[PDB]
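Undergrad: Experimental structure and its sequence below.
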Amino acid sequence: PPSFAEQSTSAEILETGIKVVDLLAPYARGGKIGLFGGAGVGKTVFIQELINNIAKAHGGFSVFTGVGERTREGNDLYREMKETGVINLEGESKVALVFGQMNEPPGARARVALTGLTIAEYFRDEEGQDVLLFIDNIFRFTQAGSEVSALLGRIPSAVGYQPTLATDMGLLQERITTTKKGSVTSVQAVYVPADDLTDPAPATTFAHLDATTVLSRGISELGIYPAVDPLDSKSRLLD
Amino acid sequence: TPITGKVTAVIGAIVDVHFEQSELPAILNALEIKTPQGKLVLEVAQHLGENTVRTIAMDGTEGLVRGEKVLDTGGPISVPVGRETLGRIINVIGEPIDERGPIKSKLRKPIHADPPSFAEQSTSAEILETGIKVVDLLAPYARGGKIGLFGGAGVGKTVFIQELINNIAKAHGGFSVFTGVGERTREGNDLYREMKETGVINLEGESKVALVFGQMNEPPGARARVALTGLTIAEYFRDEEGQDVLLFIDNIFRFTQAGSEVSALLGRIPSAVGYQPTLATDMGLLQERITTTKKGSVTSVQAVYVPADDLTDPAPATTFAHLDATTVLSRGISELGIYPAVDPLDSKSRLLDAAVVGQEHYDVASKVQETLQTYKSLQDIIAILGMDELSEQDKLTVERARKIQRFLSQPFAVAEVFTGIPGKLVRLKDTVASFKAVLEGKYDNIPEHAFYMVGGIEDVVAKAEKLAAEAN
Amino acid sequence: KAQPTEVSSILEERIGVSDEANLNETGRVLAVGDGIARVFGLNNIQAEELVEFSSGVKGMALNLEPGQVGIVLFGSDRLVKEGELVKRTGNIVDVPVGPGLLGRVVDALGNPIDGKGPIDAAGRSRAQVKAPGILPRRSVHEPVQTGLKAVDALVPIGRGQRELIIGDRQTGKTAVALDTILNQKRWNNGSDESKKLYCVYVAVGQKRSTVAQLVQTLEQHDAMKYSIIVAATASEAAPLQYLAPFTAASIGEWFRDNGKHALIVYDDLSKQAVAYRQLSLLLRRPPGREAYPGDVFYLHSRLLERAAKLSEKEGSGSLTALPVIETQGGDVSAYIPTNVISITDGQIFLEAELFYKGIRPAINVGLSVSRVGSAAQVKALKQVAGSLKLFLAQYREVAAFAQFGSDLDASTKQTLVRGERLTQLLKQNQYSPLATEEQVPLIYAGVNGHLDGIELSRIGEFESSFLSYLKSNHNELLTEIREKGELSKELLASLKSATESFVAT
Amino acid sequence: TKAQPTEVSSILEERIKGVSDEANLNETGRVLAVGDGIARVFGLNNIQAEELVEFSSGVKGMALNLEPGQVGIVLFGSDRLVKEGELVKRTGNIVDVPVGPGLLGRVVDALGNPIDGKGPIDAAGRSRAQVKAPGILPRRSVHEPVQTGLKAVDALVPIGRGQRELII
Amino acid sequence: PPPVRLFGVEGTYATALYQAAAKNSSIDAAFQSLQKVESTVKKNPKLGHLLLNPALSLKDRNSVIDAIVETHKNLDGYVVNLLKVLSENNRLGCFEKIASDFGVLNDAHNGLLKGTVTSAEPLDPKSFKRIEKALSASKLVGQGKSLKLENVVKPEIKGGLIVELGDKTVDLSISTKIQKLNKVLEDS
Amino acid sequence: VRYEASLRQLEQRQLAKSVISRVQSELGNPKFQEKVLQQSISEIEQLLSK
Ligand SMILES: Nc1ncnc2c1ncn2[C@@H]1O[C@H](COP(=O)(O)OP(=O)(O)OP(=O)(O)O)[C@@H](O)[C@H]1O
Ligand SMILES: Nc1ncnc2c1ncn2[C@@H]1O[C@H](COP(=O)(O)OP(=O)(O)O)[C@@H](O)[C@H]1O
């Protein structure tokens, strides 16, 4: 991770382009964003709109990372991203994809995130940009790390998670920051496991998320695009 | 002759001593090692074979080299005893840490002695009046018995002990031993301040108390033996002097916890929950030396920490088997500001028999427990519906029980800095007649708040008069 | 310039050590996996001795065996390779202590990460120092003016009184001790050292961006000239996070044993427990409740026992500790906090709902208490807040009672209105500490019912209005409260007139 | 693979000599590892399962686990007087207790030792500890009542001479 | 009074073999028997080493011990019973370790304090010789005891040399000094 | 003063890549050969201290 001296000592607001995000839960330039909500709410549509808004607004690029992504749904995602133009097979695709599929051993899935991390770190530290790392799922990544620690014969800790859980998180989080060269802003989906918040994997993830964004069904129920709940999507930078 | 050993393994406070001399020292003997900090004490835990034993440290083991010379003292940790130890702050080793010179005792007895046998047992029904309302009503204390303070985190335990000491130890006549085990160093200092200022410790004159300490800062092997140190000191005065010995222990759970922390490093398979397998045995060897013989009388009071308010933890559940008079502090009762936060139900006593406390006392306490059990049963319907959906007999019962609950709380002279209110040393018979008149409902006209944090029933009359004159 | 090459070349001259480089320690590494390493040899190693591996990473030799020694790492195992050469320092793990540590930002080992060159250390001190015995102590008798309203009102803090701040995630916990440090600017700008009070903040397991913004903020308000930051961020190794608060405790002991007064702030011990159980499970040691090793009570015990008030025989030093515990959903019955509650001298509970109502600070008075704070409260505050906690508990009694919409008598409705005024009174924005001379008249107005006719929304502007009123006019009374810390009857009546004057508006 | 349990330096040394002292120990055994009231004792090939044994200190113990290397013996007193390599005598008895009429009124331990101090114990015989429970054929269906004297006990859950009943 | 410890795991066979043999010397004779039996294991490498497998038998292991004593007077003294026990204990596979370790204990009794002069390339004899005598006459060796010395080639180091013996070493090489050269310049 | 400290840090990182240049200068030498004698005389000096 970048040193303490290299930390930008004041988080400005990443201007996304979406009204509700830029209004209610503003994103830190180089911050952490907990996206909630199941599929079918245009969450992929939401994140593609984010890709285009960053491409037009700041010109930085997007790196998507499907850790444990359903391979059929990864295919439908890739086909849509071709069709919505953020991937141009001949011209300039504005995004890099890394798909650690579900059928890969846990040694893969506990490293797919670091692969996408290093790719985003390059476009930050070489090109001096603000690059957006999109991660789904951090909870499947936590499952992967716990399974890796299980197969190595380490004694399991609480909840059946790995004992290195805080360190395995901190090796992912503190490599995502705002340098003086630029920043990597990371949006990552969070599955709440069996609807519990004292579960240590969301309780660990919430110790890093500076801003939350909730794609409720009730907002999409009212035909509203995006499906953002105004009330729940909160930031630590709403000040 | 010096039986020289060599350090072979150091793991935390657990160290291994090899010998080449085949004369290995027996179990529970005291080794020592000259440190640059002076000396350090080990206790022989187990022969591991190969002329090499595993021992527990009485001190922090920092900066020790494998192969360092290990010196044997022959026997167990002998502690100075006698009237010389009065008013002295003694280490687990037996070191006076008041820096008031060495304890120039006659005798130094080893801590690991056998419990008194079955023929040496003695029974007694000498009820100790404490002045405290819920004790003298619901769980009377036997002189010579064993008294437990089951409590969660910081719910008034040490304060309750200080209240007991302030109420009893002056009007005692025999002697007293306090033993701070795993507690706060500041609490021990403030207690020493009190014992000076109360004159119970007379620094130049004669005291009546002996102080055995060793706190939560201390490594667990020191904490695993400090109770035995205060125990040996207490049973000396029980046997040599034949006096009345007040033994105050805080905290007895810290002892079993010290027994837990080393047992994983002592090669034992971990037992239940995380505790050691030798829980009930070590608990028994500790408790069975705490008794009242034909020679002397030991009235002991022990605080019991409860881990995370789980009474189904094996350590306090094991502790219930050793006690005559239980007293359980709930956090939820303290959250109603009820001080002390004694649960009125779950406190028990081997006392409280109608042919012991008197029939009327037994009947009053019986009706009080019936009323409060009725209230606790109705609690869920109160939580959903409230007092409106009761029957009127049930509503009157809930009203009277909630009057009783505030009447249970009692102002403490020790916790006066929390209240600004003078302490209430409330007599027994007045308390009995007070609860009698409350069960008779002679004061149902008086509102509930006038019962709160009060002395006798005359003080309830006075507080109701103040509320009538002020709230108007 | 070349003066860094000059200093580094003088250090190259030291690199003289090669002429006396006959280390009696070097041994091969047997194995090294899962944050641990077995090393053969080192037959004159000491227990809990600092060693250094061939890849520059240091380590602590924690368990000694006939045959090998298990040494924990102080970093990633990616640098340590099997079969290498493990020099021992010759020392139990020590850290730099001294006055030049002020302003700097270091690791768990005193190696600065601020990039401000070396450390002017006045010495090296061990990590696992014994806590002082019961005799070189004194009961606390000196206040710690935190600058917050309800904190200094209801839970006063003695110099060395070990007071827990407990709360939940994003519940204003860090801002409390932060603004306490910012209040200490009053006397750290001053001259009397016994009035001065030095601040050590210990951020463990947290975000480097968060620590950077905190250090930035402390430079903005200029707390840095008396501040020491210990960073043990989440990217770093678990033993570093285990080790760092002990090192900062040694720093606080360095200040305390110089007779001075110092403040340490732990944030948070919760992640330290996570790192420690991570160690113990990688030590293959059996866990206990909630998968923690049973010595974790002894861990935070032996940490926090090194903080008290020294007696005059020791030079009347003090060291006050502010631990922070993040709980899970307002639980106070998890295994980790119930241990800490059994250690500290009191609690400062932050309710999540009060901050969810925007009431910042979100103090639950009914849970938060100090044990011996009343002995070292400011004497004027001790005069004026005697009925205050009683009245707030009284208002709390009719708080849940008044939710049913039933009308009441003028007494309980009076307590309702005045307690609403006191509840909306004690809000306070971040970076806004209040001096004691400033906190006295708000309490004196709140006790004597003058706020009752004022609108409930008007209280916030009324506070600053009445303060600027007094600072404009009754500045002499402010100096009287500053000089005395104690209100006489004449000061009481003059205060009454000065209040009721602006209470007429 | 892993260090075995009959590989200590004080035991292999003797086997290297060719003295073969392990066969001599049939009615006795040495104390390898005493700790926590637990004695790993080498020797005693002619020991039985659940057999009482005695130590040279005088405390008695029970053999439970018959490992091929050594004997696990638990202790009916403290291990305060037992050391490594102490001589271990084999009693020759499955753990039996004295039984008889004179036990009435007396108070004893598990081993029939009078802890009451009313003198010794007049037994009639001695019985094993793990006596096999009676079979099916020598049984009678329980019909003779047991007089408890309690109202609801006798009314609702009546006790017969022969059944078992848990007070939980 | 044992020698230098073999420290537990499986040197304890060799440890007991020494300290029970040495009670009456013969450890040079026992030593030479061990050299000779490890030699005839090595002189018949097919199923001398390939027959230290555990899956054989008790009887066939004992018969392989019989083939070892069948080879003239290969075994002599305790070392056959050693093997009788070893065969029964089926720790025959870790027999090579025992050998080398008894050699270490033996040449410790002689006092040959094996050393090393690590480099990244082998060196001229004059350097070897001058260094050899240096340590030999140095306080390290108290004399009355020898001093081997082995140069090894290490690419993981960038050159220079490092002297090693008695878990006591001196590095004046290049790699470490570059390291110290980069550390000092790594400050502001 | 902010830009002064910034210029000091830029000087330090340019001298860090100059340290890389110095290492690449040191790599191709018969100091690799000569420095063996350095270690020789050195270890003579260290072991003759005792
Ligand atoms: N008095 C106040 N004025 C303004 N903002 C406040 C105040 N108190 C708390 N906050 C807000 O509360 C939020 C959390 O602050 P803080 O970090 O202290 O909470 P926390 O519980 O310590 O969180 P963490 O434990 O993650 O550090 C901040 O965004 C801050 O703006
Ligand atoms: N009579 C009382 N009135 C109010 N509070 C009390 C009273 N007695 C005890 N307490 C509270 O109980 C706490 C004491 O905790 P305690 O259980 O004595 O500590 P420990 O856990 O060390 O024994 C204090 O914080 C005090 O506020």
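TA: Structure received. Numbering: from 1, shown residues only, chains lettered A, B, ... in the order given. Ligands and ions are numbered 1, 2, ... in the order given.
Undergrad: When you work out contacts or count neighbours from here on, use the C-alpha atoms and nothing else.
TA: Fine.
Undergrad: ok, how many other residues are close to residue 23?
TA: You didn't pick a chain, so chain A it is. Neighbours of residue A:23 under the rule other Cα atoms under 10 Å in any protein chain shown: 12.
Undergrad: should've been chain F
TA: With other Cα under 10 Å as criterion, residue F:23 counts 14.
Undergrad: and it, which of the three is it?
TA: helix (DSSP: H, G, I helix; E, B strand; the rest coil).
Undergrad: Now the closest residue to it other than its chain neighbours: which helix or strand?
TA: Spatially, and ignoring its direct neighbours in sequence, residue F:23 is nearest to residue E:178 (7.8 Å; Cα to Cα, 6 or more residues apart in numbering or on different chains). Secondary structure assignment for residue E:178, by DSSP states H and E: helix E:175-184.
Undergrad: which of the residues in that helix are buried?
TA: For helix E:175-184, burial by neighbour count (16 or more other Cα atoms under 10 Å in any protein chain shown) applies to E:175, E:176, E:177, E:180, E:181, E:182, E:184.
Undergrad: Now render the residues you listed as CSV, adding distance to ligand 1.
TA: Shown next, in CSV, are those (distance: Cα to the nearest ligand atom, whole Å):
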residue, distance to ligand 1
E:175, 44
E:176, 42
E:177, 43
E:180, 38
E:181, 40
E:182, 37
E:184, 35
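Undergrad: Please name the residues that touch residue 31.
TA: Using chain A here. By Cα atoms under 8 Å, 6 or more residues apart in numbering or on different chains, residue A:31 lies in contact with A:11, A:176, A:177, A:178, A:184, A:185, A:186, A:209, A:210, A:211.
Undergrad: my bad, chain C
TA: Neighbours of residue C:31 in contact, by Cα under 8 Å, 6+ apart: C:37, C:38, C:39, C:82, C:83.
Undergrad: next one: phi and psi at it?
TA: phi -140, psi 160 (degrees, to the nearest 10).
Undergrad: same thing with residue D:159?
TA: Per degrees, to the nearest 10, the backbone of residue D:159 is at phi -110, psi 130.
Undergrad: Relative to residue D:167, how far out is it?
TA: Residue D:159 sits 12 Å away from residue D:167, taking Cα to Cα, to the nearest Å as the criterion.
Undergrad: same thing with residue F:5?
TA: Applying Cα to Cα to residue F:5 and residue D:167 gives a distance of 82 Å.
Undergrad: So for these two, which residue has more residues nearby?
TA: residue F:5 (11 against 4).
Undergrad: tell me which element that one falls in.
TA: helix F:2-27.
Undergrad: Same check on residue C:286?
TA: Per DSSP H and E, there is no helix or strand for residue C:286.
Undergrad: show me what contacts it?
TA: B:264, B:270, B:274, C:280, C:293.
Undergrad: Let's see which of the contacts of residue A:31 end up in strands.
TA: Among the contacts of residue A:31, the members found in strands (DSSP state E) are A:184, A:185, A:186, A:211.
Undergrad: Out of the residues you listed, who's the most crowded?
TA: In the ones in strands among the contacts of residue A:31, the most neighbours by other Cα under 10 Å go to residue A:184, 30 neighbours.
Undergrad: Next one: that one relative to residue B:110, how far apart?
TA: 68 Å.
Undergrad: For stretch C:425-440, what is the distance to the chain centroid?
TA: 19 Å (Cα atoms, centre = their mean, to the nearest Å).
Undergrad: Not counting its own residues, what contacts that stretch?
TA: With contact meaning Cα under 8 Å, 6+ apart, stretch C:425-440 is reached by C:145-150, C:175, C:178-180, C:182-183, C:359-361, C:380-381, C:384, C:459-460, C:463, C:467, C:478-479, C:481-482, C:485.
Undergrad: What of stretch E:1-14?
TA: Against stretch E:1-14 from outside (Cα under 8 Å, 6+ apart): B:20, C:66-67, D:3, D:7-9, D:12, E:15, E:19, E:94, E:97-99, E:101-102, E:105, E:108-109.
Undergrad: Buried subset of those, written for ChimeraX?
TA: To isolate the buried members of these in ChimeraX, using 16+ other Cα under 10 Å:
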select /C:66,67 /D:7,8,9,12 /E:15,19,98,99,101,102,105,108
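Undergrad: taking the contacts of stretch E:1-14 one by one, which sit in helices?
TA: Among these, the members found in helices (DSSP state H) are D:9, D:12, E:15, E:19, E:97, E:98, E:99, E:101, E:102, E:105, E:108, E:109.
Undergrad: ok, the last one - contacts?
TA: For residue E:109, the contacting residues are residue E:3, taking Cα under 8 Å, 6+ apart as the criterion.
Undergrad: can you check the fifth one too?
TA: Counting by Cα under 8 Å, 6+ apart, residue E:97 touches residue E:11.
Undergrad: now with 10 Å?
TA: E:10, E:11, E:14, E:103 (Cα atoms under 10 Å, 6 or more residues apart in numbering or on different chains).
Undergrad: burial measure for the residue of chain E found nearest chain A, as a count.
TA: Proximity of chain E to chain A (Cα to the nearest Cα) peaks at residue E:188, 11.1 Å away. For residue E:188, the count of nearby residues is 17 (other Cα under 10 Å).
Undergrad: Can you tell me the centre-most residue of chain A?
TA: residue A:188 (2.1 Å; Cα atoms, centre = their mean).
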